[PDB]
Structures are given as C-alpha cells and as structure tokens.
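Novice: structure for the following, please:
(3 chains, ligands or ions: 4)
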Amino acid sequence: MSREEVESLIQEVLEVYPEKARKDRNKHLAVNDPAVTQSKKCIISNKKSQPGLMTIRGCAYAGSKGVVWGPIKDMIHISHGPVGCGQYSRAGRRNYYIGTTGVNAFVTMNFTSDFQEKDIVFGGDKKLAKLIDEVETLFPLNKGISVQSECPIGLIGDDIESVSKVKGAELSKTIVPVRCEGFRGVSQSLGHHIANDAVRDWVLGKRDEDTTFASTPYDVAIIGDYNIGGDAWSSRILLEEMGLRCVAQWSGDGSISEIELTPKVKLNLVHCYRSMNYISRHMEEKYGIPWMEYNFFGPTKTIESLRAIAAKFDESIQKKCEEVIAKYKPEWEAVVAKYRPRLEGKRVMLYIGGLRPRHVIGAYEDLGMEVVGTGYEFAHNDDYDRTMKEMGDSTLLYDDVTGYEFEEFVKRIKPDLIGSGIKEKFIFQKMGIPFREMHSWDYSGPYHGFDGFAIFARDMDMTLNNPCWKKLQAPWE
Amino acid sequence: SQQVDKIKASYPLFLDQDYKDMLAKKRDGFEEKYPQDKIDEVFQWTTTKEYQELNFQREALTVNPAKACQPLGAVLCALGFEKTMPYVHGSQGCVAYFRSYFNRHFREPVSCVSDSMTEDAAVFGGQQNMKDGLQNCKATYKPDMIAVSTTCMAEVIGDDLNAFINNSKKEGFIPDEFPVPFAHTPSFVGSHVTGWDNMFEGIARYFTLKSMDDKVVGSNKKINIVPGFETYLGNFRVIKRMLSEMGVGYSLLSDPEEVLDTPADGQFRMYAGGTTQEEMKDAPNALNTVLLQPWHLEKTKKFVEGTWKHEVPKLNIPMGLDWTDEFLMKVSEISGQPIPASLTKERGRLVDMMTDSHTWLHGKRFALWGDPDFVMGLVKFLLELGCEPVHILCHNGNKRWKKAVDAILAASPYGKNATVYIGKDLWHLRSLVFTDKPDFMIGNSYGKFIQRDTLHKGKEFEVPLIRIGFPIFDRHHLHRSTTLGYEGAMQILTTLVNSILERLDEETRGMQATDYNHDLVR
Amino acid sequence: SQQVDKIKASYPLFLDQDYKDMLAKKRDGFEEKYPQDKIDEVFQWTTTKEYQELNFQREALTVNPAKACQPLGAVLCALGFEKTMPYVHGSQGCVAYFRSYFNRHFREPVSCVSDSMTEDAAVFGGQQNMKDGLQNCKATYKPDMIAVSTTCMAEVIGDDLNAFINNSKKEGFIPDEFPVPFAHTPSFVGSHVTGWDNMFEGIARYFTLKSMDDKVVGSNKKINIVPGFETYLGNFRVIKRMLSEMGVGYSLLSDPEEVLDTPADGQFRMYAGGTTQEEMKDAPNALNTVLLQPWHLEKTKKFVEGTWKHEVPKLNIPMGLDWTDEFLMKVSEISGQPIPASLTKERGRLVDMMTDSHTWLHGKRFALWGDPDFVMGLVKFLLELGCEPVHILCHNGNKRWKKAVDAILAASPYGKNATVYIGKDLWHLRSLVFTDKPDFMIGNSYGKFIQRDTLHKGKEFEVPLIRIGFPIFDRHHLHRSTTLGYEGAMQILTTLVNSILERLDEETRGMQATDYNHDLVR
Ligand code: ICS
Ligand code: CLF
Ligand SMILES: [Fe+3]
Ligand SMILES: [Fe+3]
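Specialist: Numbers count the residues shown, from 1 in each chain, chains lettered A, B, ... in the order given. Ligands and ions are numbered 1, 2, ... in the order given. Provided below are the atomic coordinates:
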C-alpha cells in the first residue's frame, strides 16, 4: 500500500476509541521511514497500557522468572506468593537444558510458597525461612535459590532481603531475592531489568577474587540467548567451530558457575539487547569486557555476525570463520534452492516481544518473503531505532497493539503469514491466514544458525502452503 | 549439519556427534556439575521411603501444585454468558497467563481484558482504571455485559468493586442500565473452582436479588442446571442431549461450549452462544436448580436456597452408572417426565461394555488427581469397574470431601487399599507412586514428568499416565471428549481398557523373549 | 512358584528363573534348534532389499493375506435385515469360523446357521440338507425371512439354490409365501465385499424383480442408502444422523446396527432392528439410490440402474472433507433440501481441527491397507492433511481401482512418493516397511506382527501400528467408532495426531539423553 493509505487505515482503526484512548494510541502507530534515525519522532514506546483494550503484554514476574532466572538449571526458583503465577508459567517456555530434573536440574519444576489468607495477614518471612530449609533438605544438589516475588509480597512489605541474607549466611548458600512484582512497571522489560540487577548484586561478583580459572584470549560468553529449542546450542556450535571458547550462556542451559565465570571472558556476544543490555553495560564498566550485538537468524545475518566476531581477534580466528562459512555455504544454498520458489513474494506481518520482530526479517528476506508490518510488545525506543533501518518504505509499525487494532490491520492488509504468540494464533487461524508461533517456534526449532535455517524454511513452507487454508469456504456457500 | 531432503528438528538433531561433543565439552569445562554417581545416588534416595517421610513432613514448600487461582475460574464462568466480556480488575500479567492457559488447553481464542493496574493504581486505588477500562472495553469490543473479577493485588488493597462500578455508572463512563456483575475472587483463598463459584454467584445475585417480588417457583416448568468449572465440551453436550431426550425443559446457566468450539470459516467470532440474560432473569421461576459439581458450588447452593427458594437436590456428579441413574431419576421426579427407552438402551450398552472389559479392568491399581467432584466421580466409576484406587489426591479438597470419599471407599470392597490426600501436590504423588507402585495414573498433563521419573528408575517401575482432566497440553483435541453420563462412562472405559491393552502389547513385543503373550485376540 | 498376594498370568510367570531354566534345557536337549547367530543372520537377510525382490517375485504362495471369503460378507449383509437369519448352505466349520470372527470383532453374539453338508452331499447333493435346514431354522428361531449363501463346497459340486428352495417350498418344508432370498458366494472369487454385494443383490432381486409394474421413481420422496460391507457402527449412526438433520427421507437398506449393539438388560435378543420387508419392496419407488462404497457394489449398481431405473450418482465414499461435501451436495440436489447450518458448523469445526494439527501432521509417511473404498478414503484424507502415503496396499483390489487411486495421488503434491499395490499380502508390506520405512502403519490387528518384526530389527526402525480398519481383535470397542463424514474425519484426525504425539513422547522420555524435547505443551 501507499504511505497515504497506511495513515488512512490507522485513522479508520483509531476512530472507534474514546477520546483519551484514541489520543494515547495515535502515538503508538507509525509508518516506517528508514531515513529517520530517531524513533522518538515517529513512534512512542514504553508507556502504560490502556485499560480494557486487551493488551498482549505480560508482567514483571514473567519478565524476571520465566525469562532471565528461569532458564538457569542448577538453581531453584521460588514463586513467593499465591499459586497461580508459578502454575501458569510452568514449562510454558521452551528454554531447553540438559540435566536430571528433580536431582540437579529444576527448570520444568514449579516451587511455590502457596500463600493463604493467614500468610497475607501475618506475613511470610517465617514461612519463607521454613521453605528454604525444606528446599535444602529435599533437594540437596541445588547450587542456589532464587526468590521471585509475586504481587502481594511487594504490597504487604515482606522483607525477603534479610531472610535471604540470613539463610544464605547460615547455610552457606547463594539465595537471591528478586522483587519482580507484576504491578511494577508496564511490561516484562522492568522484569528483565530487576533480574539483571539481582544477578549483578548477588551472583556476578562472587568470584571477584578467585584466580584459579585459566583464561585464553579466545574466551566469549553468549549473552541473552535462552535456548528456545536449542538455538543457543546451534549458535555455540558455530562459535566453537570458529576456534572461540564459550564459557557462559545467559541463561538458556546456563549454570550458576557460568554466570560466576563470565567476568573472566574477553568479549560478550549479546543476542537479546533488550533483556541483558544492563548487565552487559555493567560488565563493560566494571571489568572492562566489551560487548557486541550479533544476529544468527538466516544465512546472511549469520555470516555477517561471524565475520564481525572474527574481526575482534587475530588471523587464526578469521581463517576459521572463513572455513566455517565455506563449509556451511552449500547446505543453506540448497535450502534456499528448495524453499525460496515456494515462498517468493509472500508478505509477512509480525508481532513479537522485545527482540525478534527485527531479528527475523533477515531470514524472511533470505527466503524471498517481505515483511509488511512488524511490532513490539514492550521494546524501548532504541529497539525501534534499530528497527527502522531493517524495515522497508511504507510499512506499519505498532507498539502495544490491541487485539482490535491487529485484527483490522490484518483485515486491511491481508498478509500471507502472521507470526505472533499463542493469544492471536487461533484468532488469525479462524480468519483463514496462516499463522506461525514466533515465540515457541510452534514447538519446532531451533531457528538460529545454519542448522536452524533449514528448520525455519521447512516450517514456513509447511504452514504457508498447507492445503487446509484453501478449504475454509463450504462449496455451497 | 543438515540434509535438505531430510531436515531434523531439535530431536534428533542434537543427538549428532558434533552436538554431543560440544555439550560434553561445555559440561566438563564450565558447568561444574556434580559427578554422575552422586546424581544417581540422589535419585535413588529420592525414590525411597525415608525420602517419602521427609516429603510428607513438609509444611511451607509446595512443589508442582495441582491447582490454579480463582480469577481463572471466574473468567471461565464469565465466558459462558451471551456477548459477555470477562473483565479482571488488577494486573495484566494475570490476564495474559489466563489467556495462554486456556489457549493451550482449548486451542481456541479466549477473550479477556484487564485495567492494567500499576504501582500508582496500587497506592491510590483503581477507581480511574475501572472507569476507563469499562468505557474502553464497551466502546471497542461492544459486549452486552461485562463480568468483573479481581486479582490478588486488588484484593489485598481492598478495592470496592461495587462502589467503583456504581461511580463508573454515575459519571457516565457506562450506561446506567448496562449489566456489570462483579465478584470478589481472592487468589489466596480456595482455587479456580472457588472463583467459578464466586463469579456465578455474583452474576446470579446481580440479575435476581432485586426482582424476587414477582417470582413463583415452577412458573416456567423448567429445570436449572449449573455445570460448574468444566473443561470438556462433551459434558455440556451430553447433559443437553439427555435432557432433550427426556423431554425436559432446561436452562443450562453458563454454557460456554459455543464460544469454545467456533467454526473456522473465514471470520473470527468473539462471542458465540452462551446463557442469555433473559434466562438468568427467569431463573427463579424454575421448578428446581440442580448442581452438577456440588462440592465447589457451595456459595451458589446457599444463595439459591436462600433467595430463589429452590430445594436443591442432594445429588452427586453424574459420573458412572449409579450416579447417572440417580441424576436421571431425580430429574424425572422433579419434572414428571419418564425416562425414555433410548436412555435405557444406552445404559444397557454401557453395562455390556463393562461386562466385556471386566476381565482386563479388574484388580488394576490406579493413582488419580484433579478436582473434587471429578476425582470422586472417577473413584466411584473405578469402583463400579472392579478397579482398585490406591492414591487419591486433591490439592483443593477439604475435610468434608475427604470424609465423603472415605465413605464411598468404605462402601466397596475395592477401596480397602485406598487412601485420600488433601492439600498435597504432585511431588507427594511421585513419592507415593515410587513407594506404593500403581499400574496407571489418571490425571492431567503434569503427570508426564512423574512417568519420566518412573521410567528413569526402570521399565518395571514405569507408571504410564492416562490423560483425563484439566489441563491437557501435550495432546490435541482431548477437550472435545465426554466425562459425564453414560456416554462419558463409555469413553472413559474404552480409554482405560485400551491403555491397559497398549501397555500389555508393549510389554510383550520382545521377540523370542516375551512374544509368547503377544496374542492377536485380547 | 506363585505368591498369593501377587498372582502372575503367563507373562511374567514364564520369565521366572525356574521356567527359564526349564525352557533352556528343553531347547538345548530335544528341539535341534538352529544356532542363534544363524537366526539373526536369516532375520537380517529377510530385512534386506534382495529379500524384497524375492518376496515380490511371488506368484504361487500367499503369506498373511489381508482378505476373507464371500460368505462372511454375505452373512454380514443378511444380518442387516429385520428378523433375518443368515443361512449358509454347505459346511458348518465355515459358519463356526464366521461367528468366531464376528464375535471377536464385535464382542456381540452373531446368529448364523448351516445345513451341515457332509461327504454324502458331495456324492449326491444338498437337497435334503436344504429342506431339513430350512424347516428346522423356521421352526426353532422363528425368522421373518431366511437368506441363503453357499460355501466353496456347495459351489464346487454345483448346487442349484433356486431349484432346491423351490422344491423345499413345494413339499411343505417351508410355506410358499415365506421369503427365502438366495445368492451364490463362491469363495474362490473376490472377497467378503463381493459376498456382501452378491447377498444384497439377491435380496433386492427377490423383493423387487417381479413387482416393477406399479413402481414410479420418486413416489415415496425418499433416497436409498446402500452402505456396503461396514464394520463401524458409527458409520451407520453418522449417515442416519446427517440424513435426518438434512431433512431428507431415507431408506437405509441392510442395517445391522441394532443387532450388533444389543443392550445388556438380563435377556438375550437374537433379532433387533434391521431393514423391513416393506422398505425393500418400496425401494424402487425412491427418487434415487446412493452407494456409500461403489467399488464393491458393482452388481448392485447394475441391478438398480437396469431394473429400478435409478440414475445412481458417481460418488466416492464420504470420507474426508471433499468427499463428504460432494455427498452432501448430491443428496441435497436429489432431495431438494438445503444443507443445514449445523452441518456447516461441523465442517468448520473439522477445518479448525485441521488447522490446529497441520503442524504435526505435515510430512508424515504412512503405509496403509484394507478394503478398496476405505483405503481410498483414507488416502484422500491423508492427502488433505499434508501427509504422504507411501505404501498403499489392497489385497482385494483390481486395476480400475488402482488407476483411480493413481489419479487421486497425481492430483496432489503429497502423492508423489506413493505406490499402489494390488494382489499383495502383509509379507509384502513387511518387506516394504523394512525397505522404505514409513512413520506409521494404518490397518487392522494383523500389523502388530509387522511392528514386532520392526522392533526386533531395532527401536529406530520401529513402525507403530494405528488400528483403523477390520478386523480389530486386540482392542476393545473400537468398532463403535466412526470413519464416514465430518465426525469420522475428526476422530481419525485425533487418532493420528495423538499417535504421533505419543510416539514423540516415547522418544523423548530419556533423562539427560533426549528429555530436552519432552515438552509439556505440544
Ligand atoms: S528474552 Fe524476551 S516475548 Fe529477548 S521476554 Fe519474550 S526468548 Fe520474545 S521477542 Mo516470548 S525480548 Fe526472548 C523474548 Fe524476545 S519469551 Fe522470548 S519469544 S528474545
Ligand atoms: S501480575 Fe504477574 S502473573 Fe499476575 S499475580 Fe502479579 S506477578 Fe502474578 Fe498470580 S496468583 Fe493468580 S496469576 Fe495473578 S491472580 Fe495473583
Ligand atoms: Fe481451534
Ligand atoms: Fe458386547
């Protein structure tokens, strides 16, 4: 569509809101212009959601527990508060790991205090101490405990800092108290920030004086990759095939030892800027470790990222990077030859959280498809700044989009594919538009790396060209 | 490496040699993992009985619970009314979690909204959030009624839902005649079934407490049915079909099957079917009100008897032979309509399926968990099949329900080795199935981890999971099955016998070792 | 040794040490068994490509056939009429085998009778056997009519059924007005479906051929449905339900529905339901006749198009979306009744389930076998589900059906890797699944041996068996399922997707080895 038509569609969609809601939502919809380098002049981000408009955003408890701390496998994470949250967030995110669940790994488990009315009225400090004692009694092989605070804990002023400090000192254990109450902030981003602050204060500086770890000039840490079906492993195999040594993974398949060993690395490879930029900046300022953004979504982005990473080291690393690129070229070339004809010219609309709306555009372009509209759940203005460059002319940008807005935007655009979460999958499937879950990879994956590119292409081809989408109209209607 | 003609997903791609070598290198170099012998020792200890005593001595830690919070049930109850928008007063993360939960269980769109209450709203109150949210929801999604629930954050600070809604109506944010029923659903009290009960009671109060002057019992010659927290569309369908076959006028309140089974024909329907407002306004005029799941409909029962003057029958859930016949007989007595020949033929066919499968169903030891009414109905049905329940678990049960289940068990010789647990979680159940091993487990998708643990101990200690309950995430379209009535009994019996036969076939597939019992006819 | 608390059946009683030692002593002493390495070598050779070439070079030996003989289908067709006793002219062992087969498949009593022909009948004939059997059957079991079919013995010695029955009526053995339709069912021609066709042809001819002078097409404003050889009760139920819901008067000929699902009420009912003689006599007055399985109703089609003067439509079996749609449109066009909105909603629900499960269903390779029409419908549904059938087998199929299936496979991109086999048995299918391994097998209970062989080769070579078809002996109450129409499509889709997910869960249950993909949500 033309630029004058996207604005008309935006106005027609906004016409249904009341005055306050319309005025607020007019600031969150924009027509892309890659020339503009400041996203503040076109879109407004990181504000509170309008009440009663069916937002897709989550809470700070999600952004901390289910995002940052949860993937850590050797730790035990306590959902301090009522049951719901832990139950709703149990095993819903596919942060893959290797370990014996119930013995030394606890990712898919749900530990909760299960607050009652008497806990609200009288407190939860004694109950928390008893819970820590029972956790240590029944799960002796855990390497740490984290306390994720749910809303009531923040409201009633339960002092989990002192309980954590006392129990950790007396039991010689690392107990990290996290104030990730849902009502804090507007979305999962503040949960990311709180979890990063907890990591900085209670975990990161534990080995500040230990010098037993021998460091090589090829030490790297993957920052912000959470192994959604093995993406972290796929990236790690490429990084290790380059001659680089990965010491830490944050936090998919990550261990507390990797977090402790991170300050000894020579370079931080940040995948998700939105979630771990604060900890990357803290490490850069305190230990002098530089950090850089890398993207392993599609062959072009992967090759560019490998070359940029190899540019940070000596000639042997560059030679190994060239060897890896040459080795992996025929496979992704064959994948393109197989799947691009079936996917050429197709239009894609995306609505994901903080990073993936701009990171996956490269793969779609590698497969011959174009992105006609992308959007962020909770991303800040810097993410949109990076997003304007990657998106073409006259493409719609939306922040904190509502179900109504997304429904009519899709109705007016008629995209060939929609990539969003589980809360819009069936809405758009019943509309006759192929849908792909861009958070869990539709229980497939991994999609990062050369190995993940083939799975990505196969999944897009099977979802887009399925015979079921041509059968939604009865022959007699 | 990937071959384009045969692409591998995570399994079995990460079983390749390069990925295995990299995993081992990462582990040994940086994971600082405990030695494998220590891990095996700890697992074996966790499978023992001393660990069971330590686990059952728990007082403050809950591991893998089998329950949810009240607003989930409140939303499920609100979804059953015509053009009704479930509104949750509180934080948006709760609504997101509810929608994800119901999307995963039903594979259907689930409409729910929130006022997105923040820290300033937690300190100054949620009056402005309530006003703006009601106005915006009505303007945007245009529902005929908004049902308000609460999150724990609002309940702790004591939000006055009645005063907030009254002020919202008084300042013109909503029309004064627009129906906005509300209910208090504290998440630290009870569970999701309590939330369903609270929401239904609130809606019933809203449409019927101020207009009881012109109501007479039996005026409309109908029977009200309250289904409670139900996640099987087949139950609603079978109740309606049975009551239509008996020729009995019925008003099933809070019927959500239409909005949870919308067709895929090119358009998205936010609202479909549901109990109408006229049906609830005319509810007191019915001859009687029947509760399908009485053990979590206590407040509703109290309100109905106190206000509608309906003598609610003391009926169990229509699960199994005896209870389905009791339900049908009570309905026939209330309405005067005799039980027709079709239901008799269905009962005879079900008894003939029981007779056919009794040789394989007898003596089987079962561990089960779930909702109180559902668990007690399953236990009763297992008792009529000759099966032996061993571990009965209900995380949201109380002492009275436990006493009722104990009486049911003592009424039968197959309940001799059966113990009932209330307030326990699935870690306790794992300890139980490791110490006192049953043949099978009946529960929701959370028991697959218990099955994994039992398999890790050994093939002879494996306890297979039979998926009957809520929520089921790892299987598709199981929410379309039936649990209540004769049809549900046939479905459950077929599932159980086929699970037993599948396990037997798996155990006897070894050639020249165990295939002497790989019989063609079973 | 047996422990009273834990009494063991054959498995795992024979896995005990004493029984193991006894069996080892027997084998090493008096069996002259081949060495185990030789057995392993022979098995591995039988799993090879050269063994497949030798297996497909067969033209004189049949190993594990996938079909039965004509009198079985004749008996099944005769059981579908009101108070009709299936009479079999020949040997009693054939009747015993038929009753055992149908008792094992249906878990219900089956009534069939024989004249008990012996070598004396081979010397002379079966005239006296015919007369005595007819008289005894009429006296004892009081049938409304007797349908006569022949075994291979009666057809080899060339018995003349018409003359025998006319003589029996002439000499007072049976009343002259007693209806005794007959049909020739040679067991060396065709299969059970041919016997069903022949029996229905004989009954229709008996009731209509001589009384076509007062018949006018469309007088009764009804449509006739001939279901063919069917062993799924839900198929009859769904056809009746859809036709009644469309508002179409229908005359469903040869309904064995009620006699195969008799309720348990303390008494035995030999007869139940079935097509009435008035319906059979009034059939020529219908608007048209619809054959649900046209590929084994050729004789019936010839008769109804030549005698009844009905323009029978060229319809495929109503299996799957497209063919159910075409069947519904043809029924609507013949009857003039529009398609109801509820059927449209059911189709939309089927499409919704398809959209939900397409991700798991896509790319899966299936090897299937069974009757021609059922196999073709299954292939069509798999092609609409994004699955690739690879090994399509039909022992009782012909070249025209193979050409039609080839056209269907050419119509879809997912039929590129398919190959259709006719006149091949399950040993050929075993060779095929060893050579070109499919993900799953769809068929009757006879594929469990193939699954056992594949498991013996290795776990990663195992091809699980999905039990759809006839006969099913190792599972209970699968005969109550449905395969026709939208409801049967949903049931088949659910079975397929749940089998796939169960296999994935089985392959991901290993701790620290493959449990990274043991996802709670699928
Ligand atoms: S952490 Fe974030 S919503 Fe950066 S909360 Fe969310 S596993 Fe999304 S776009 Mo789900 S900021 Fe990760 C994300 Fe991106 S859970 Fe995953 S897919 S790259
Ligand atoms: S915004 Fe987030 S998810 Fe909401 S409560 Fe707060 S931390 Fe948790 Fe928890 S038990 Fe249920 S789901 Fe809530 S109502 Fe409370
Ligand atoms: Fe759906
Ligand atoms: Fe039976």
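
Novice: can you report phi and psi for residue A:397?
Specialist: The phi/psi pair for residue A:397 (degrees, to the nearest 10) reads phi -120, psi 130.

Novice: domains in chain B, by residue range?
Specialist: Annotated domains of chain B cover B:69-214, B:215-319, B:320-363+B:484-522, B:364-469 [curated CATH domains].

Novice: how about chain A?
Specialist: Following curated CATH domains, one gets these domains for chain A: A:1-59+A:342-476, A:60-202, A:203-317.

Novice: what about the helices in the stretch 1-150 of chain B?
Specialist: B:10-13, B:17-26, B:36-46, B:49-56, B:70-78, B:92-106, B:119-124, B:127-141 (DSSP state H, counting those that start in this stretch).

Novice: could you do the stretch 151-300 of chain B as well?
Specialist: B:152-157, B:161-170, B:192-208, B:233-245, B:277-281, B:298-303.

Novice: with distance to residue B:309 and mean neighbour count added, can I get the ones you listed in TSV?
Specialist: Yep, even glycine has a C-beta here, placed from its N, CA and C like the rest. Converted to TSV, the helices of the stretch 151-300 of chain B look like this (distance: least, CB to CB, whole Å; neighbours: other CB atoms under 10 Å in any protein chain shown):
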stretch	distance to residue B:309	mean neighbour count
helix B:152-157	32	25
helix B:161-170	25	16
helix B:192-208	11	25
helix B:233-245	22	19
helix B:277-281	16	17
helix B:298-303	11	17
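
Novice: of all those, which one is nearest residue A:51?
Specialist: Nearest to residue A:51 among those is helix B:161-170; the distance by CB to CB comes to 11.4 Å.

Novice: so what secondary structure elements neighbour that closest one?
Specialist: helix B:127-141, strand B:145-150 (3 or more CB pairs under 8 Å, 6 or more residues apart in numbering or on different chains; DSSP states H and E).

Novice: okay if I get those as CSV plus mean neighbour count and distance to ligand 4?
Specialist: Listed next are these as CSV, based on neighbours: other CB atoms under 10 Å in any protein chain shown; distance: least, CB to the ion, whole Å:
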stretch, mean neighbour count, distance to ligand 4
helix B:127-141, 22, 51
strand B:145-150, 26, 47
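
Novice: compare those and give me the one nearest residue B:79.
Specialist: Taking the helices and strands packed on helix B:161-170 one by one with CB to CB, strand B:145-150 is closest: 8.9 Å.

Novice: distance between the closest one and the chain's centre?
Specialist: Mean C-alpha position of strand B:145-150 versus that of the full chain (CA atoms, centre = their mean, to the nearest Å) differs by 21 Å.

Novice: which elements pack onto it?
Specialist: When contacts are defined as 3+ CB pairs under 8 Å, 6+ apart, strand B:145-150 sits against helix B:70-78, strand B:84-89, helix B:127-141, helix B:161-170, helix B:192-208.

Novice: reformat these as CSV; add distance to ligand 1.
Specialist: Below are those laid out as CSV (distance: least, CB to the nearest ligand atom, whole Å):
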stretch, distance to ligand 1
helix B:70-78, 21
strand B:84-89, 21
helix B:127-141, 24
helix B:161-170, 32
helix B:192-208, 24
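
Novice: excluding chain neighbours, what is closest to the residue of the stretch 101-250 of chain A found nearest ligand 4?
Specialist: Going by CB to the ion, ligand 4 is nearest to residue A:108 of the stretch 101-250 of chain A, at 42.9 Å. Excluding the flanking residues, the one nearest residue A:108 by CB to CB, 6 or more residues apart in numbering or on different chains is residue A:91, at 4.6 Å.

Novice: if anything else comes up later, I'll come back, but that's it for now.
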